[PDB]
Amino acid sequence: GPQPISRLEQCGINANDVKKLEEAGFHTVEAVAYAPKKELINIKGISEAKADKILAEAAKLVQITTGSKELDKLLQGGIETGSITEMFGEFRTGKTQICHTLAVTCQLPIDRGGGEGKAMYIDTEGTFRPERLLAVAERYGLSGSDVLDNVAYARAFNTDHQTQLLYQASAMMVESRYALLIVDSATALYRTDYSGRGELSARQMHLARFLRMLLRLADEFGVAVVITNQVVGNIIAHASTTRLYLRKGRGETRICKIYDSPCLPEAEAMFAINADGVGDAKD
DNA sequence: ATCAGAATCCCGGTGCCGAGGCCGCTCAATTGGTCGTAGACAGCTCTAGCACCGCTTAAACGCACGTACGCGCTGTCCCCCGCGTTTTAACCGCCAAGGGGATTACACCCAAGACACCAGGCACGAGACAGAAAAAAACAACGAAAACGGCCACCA
């Protein structure tokens with residue numbers, strides 16, 4: 001399991017550097033330990049000596065239903081909790097709608113295709129709609145009020161704030177059982193904030209650390225990690241376990257394709273976006 | 001070199017007013033004496049200024065080298081000088097008034113001087129923390145160089 005980074009301070013790293021590592025997004029001794037020097041050195045206010053002391057002392061210690069049946073069949077039953085699933089597609093393909101649906105379906109019983117856990121929605125694009133959650137809850141006959149009470153929401157205003165929210169998420173996810181973490185327009189803030197060409201490496205480093213934190217939290221709490229990417233990077237390939245390409249079919253019916261999975265076939269499934277739900281196409 | 005004209009120097013004459021001298025007076029300098037005190041001198045202490053040696057190391061020093069700056073030259077143009085003409089107000093003399101500066105006299109209050117006292121300020125001690133030093137580090141800058149971009153040439 002995890003070895004929260006608090007124990008690293010007893011090794012004799014000073015507490016200010018541990019706070020800086022947690023701000024950076026490293027929360028376990030496992031997390032600090034199996035990374036090279038440059039990650040910690042690149043952090044502001046950290047020299048090579050502090051990074052070597054950290055790595056040295058660190059080595060001493062160390063299926064949620066989509067609600068579309070056709071999509072569930074495409075995924076062999078739904079998202080694997082504990083792994084990152086990326087859905088890259090054009091605008092209006094339904095990424096946000098699918099997120100809203102899953103935010104409620106995660107709370108469904110496991111026998112009903114849920115994870116029996118609370119949901120986490122990190123929004124970067126303003127598209128969060130509690131009424132959509134209420135509609136999905138009423139579809140499956142779930143209490144809309146309890147759904148909103150089991151969905152914690154926060155809008156990330158930038159990439160640094162997007163990563164900073166993970167620090168609150170990790171500690172909050174310890175006290176209550178969650179099953180779903182949603183990050184909507186996860187890559188948009190890395191395009192709006194870092195728009196220049198000389199600043200590309202900075203956003204790439206921040207995104208890499210963010211993805212590593214996602215994988216770490218997924219393995220730590222066994223929750224499903226859902227991130228959305230707008231296609232108007234090869235780094236995401238290693239981080240995402242299942243890549244889904246989404247494209248619009250005219251009207252409100254969307255085509256889903258699997259474009260890489262070591263376990264899932266390359267295959268396609270047709271689904272629709274209905275007021276209640278993300279739900280199978282019904283010609 | 002020349003020569004004309006403008007400026008300066010020199011020589012003499014006339015006048016005038018300020019410098020030099022004389023006389024009365026008065027008060028400021030002189031003389032003699034007295035008395036308090038300040039500084040001249042003796043003497044003692046002990047501070048610190050000087051002398052020296054040794055070690056270290058940072059600053060000085062000599063040299064090589066490259067280039068930016070001082071300097072000379074040239075062209076241009078502008079604005080100041082010099083000179084003639086018009087204007088104005090500075091100046092000289094003369095008068096009027098009043099106001100303020102100087103003078104004298106009287107008064108009183110404010111400050112020196114003395115005394116008695118006492119508390120604030122001033123050596124000594126102590127402790128403790130801001131800053132000096134050291135070290136690491138961040139880092140901002142300088143600038144070689146190069147990579148890009150842009151600009152031009154020819155004629156098609």
# chains A, B, ... in the order shown; residues from 1 in each chain; ligands from 1
>>> select_by_dssp(residues="segment 76-158 of chain A", states="strand (DSSP E)", output="number ranges by chain")
A: 84-89, 118-123, 151-155
>>> residues_around(residues="residue 26 of chain A", least_positions_apart="4", cutoff="8 Å", atoms="only C-alpha atoms (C1' of nucleotides)", output="list in words")
residues 5, 21, 22, 31, 32 and 213 of chain A
>>> residues_around(residues="residue 248 of chain A", least_positions_apart="3", cutoff="8 Å", atoms="only C-alpha atoms (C1' of nucleotides)", output="list in words")
residues 90, 92, 93, 252, 253, 254 and 255 of chain A
>>> write_last_selection(atoms="C-alpha atoms", output="PDB file, in the first residue's frame")
ATOM      1  CA  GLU A  90     -13.884  16.321 -30.740  1.00  0.00           C
ATOM      2  CA  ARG A  92     -19.779  17.927 -28.585  1.00  0.00           C
ATOM      3  CA  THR A  93     -18.937  14.214 -28.491  1.00  0.00           C
ATOM      4  CA  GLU A 252     -27.573  13.554 -30.392  1.00  0.00           C
ATOM      5  CA  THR A 253     -26.115  10.072 -30.993  1.00  0.00           C
ATOM      6  CA  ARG A 254     -22.348   9.609 -30.519  1.00  0.00           C
ATOM      7  CA  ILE A 255     -19.841   7.017 -31.783  1.00  0.00           C
TER       8      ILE A 255
END
>>> closest_atom_pairs(of="chain B", to="chain A", cutoff="10 Å", atoms="only C-alpha atoms (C1' of nucleotides)", output="Markdown table")
| residue | atom | partner | partner_atom | distance |
| --- | --- | --- | --- | --- |
| B:136 | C1' | A:47 | CA | 9.4 |
| B:137 | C1' | A:47 | CA | 8.1 |
| B:138 | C1' | A:45 | CA | 9.1 |
>>> write_last_selection(atoms="N, CA, C and O atoms (P, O5', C5', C4', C3', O3' and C1' of nucleotides)", output="PDB file, in the first residue's frame")
ATOM      1  P    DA B 136      29.737  25.457   1.016  1.00  0.00           P
ATOM      2  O5'  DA B 136      28.288  25.362   0.367  1.00  0.00           O
ATOM      3  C5'  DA B 136      27.161  25.171   1.205  1.00  0.00           C
ATOM      4  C4'  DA B 136      25.947  25.828   0.597  1.00  0.00           C
ATOM      5  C3'  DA B 136      25.761  25.536  -0.887  1.00  0.00           C
ATOM      6  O3'  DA B 136      24.505  24.902  -1.077  1.00  0.00           O
ATOM      7  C1'  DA B 136      25.512  27.854  -0.423  1.00  0.00           C
ATOM      8  P    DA B 137      24.037  24.426  -2.533  1.00  0.00           P
ATOM      9  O5'  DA B 137      23.159  25.640  -3.057  1.00  0.00           O
ATOM     10  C5'  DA B 137      22.245  26.267  -2.188  1.00  0.00           C
ATOM     11  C4'  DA B 137      21.694  27.506  -2.841  1.00  0.00           C
ATOM     12  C3'  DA B 137      21.572  27.420  -4.363  1.00  0.00           C
ATOM     13  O3'  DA B 137      20.401  28.093  -4.794  1.00  0.00           O
ATOM     14  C1'  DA B 137      22.837  29.243  -3.831  1.00  0.00           C
ATOM     15  P    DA B 138      19.574  27.527  -6.041  1.00  0.00           P
ATOM     16  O5'  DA B 138      18.099  28.109  -5.854  1.00  0.00           O
ATOM     17  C5'  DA B 138      17.841  29.334  -5.156  1.00  0.00           C
ATOM     18  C4'  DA B 138      18.367  30.569  -5.888  1.00  0.00           C
ATOM     19  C3'  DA B 138      18.045  30.662  -7.384  1.00  0.00           C
ATOM     20  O3'  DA B 138      16.980  31.612  -7.543  1.00  0.00           O
ATOM     21  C1'  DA B 138      20.170  31.564  -6.836  1.00  0.00           C
TER      22       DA B 138
END
>>> residues_around(residues="residue 219 of chain A", least_positions_apart="2", cutoff="9 Å", atoms="only C-alpha atoms (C1' of nucleotides)", output="number ranges by chain")
A: 1-2, 81-83, 214-217, 221-223
>>> residues_around(residues="residue 256 of chain A", least_positions_apart="4", cutoff="7 Å", atoms="only C-alpha atoms (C1' of nucleotides)", output="VMD selection string")
chain A and resid 244 to 247 268 to 270
>>> select_by_dssp(residues="segment 109-231 of chain A", states="alpha helix (DSSP H)", output="PyMOL selection string")
chain A and resi 130-139+144-149+159-175+188-192+200-221
>>> atom_distance(atom1="atom CA of residue 16 of chain A", atom2="atom CA of residue 44 of chain A")
12.2 Å
